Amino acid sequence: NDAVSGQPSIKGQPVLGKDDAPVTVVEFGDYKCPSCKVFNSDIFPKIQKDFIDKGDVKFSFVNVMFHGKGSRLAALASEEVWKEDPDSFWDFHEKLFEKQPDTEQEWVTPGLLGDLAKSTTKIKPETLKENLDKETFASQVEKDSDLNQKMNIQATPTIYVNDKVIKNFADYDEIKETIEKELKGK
């Protein structure tokens, strides 16, 4: 039916912000999802500046594989970057979304993900691509899928503010006021 209320576990997920931040915001997204591209450029930067920078919010991203083989390739790459060069993760993450074209045919290839690895991280292009080919990190993608299913994700992006499901990821008033209400409760 609808995404379930409740606090998703961010254990083993990419995180941004202070450890002790009182509010956790989780995005369930997909690198091929055009609404996720919009969230990344239009909404995410406001959450950073209003909340993450000041330590009120810690943010996490969980992979959702809604757009076929390219979603899975992208997710495998994303997982590897988090494990091997976490300090660089959010730079890689942002550039992969920035790379998403406004066209609908498959666009995610190992070569594309390699060049992102090269510009944004300390990881070697050929290492990543070998890992993509071997599906070295398939278990992390499966763990994300398990979590997606547990929360009953129906569409991407789905944003959680603590245990609250955001109804419209594009409504910054909703996101901001919800974060603020949670901060109060804290």
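Numbers for residues come from their place in the sequence shown, where the first is 1.
Comparing 29-37 with 128-136, the stretch with the higher mean C-alpha B-factor in the PDB entry is 128-136. In this crystal structure, the stretch out of 113-121 and 39-47 whose C-alpha atoms carry the higher mean B factor is 113-121. The deposited CA B-factor of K150 belongs to the middle third of values across its chain.
Per the PDB record, residue ranking by Cα B-factor puts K58 in the lowest third of the chain. Ranked against the other modelled residues of its chain, the C-alpha B-factor of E182 as given in the entry falls in the middle third.
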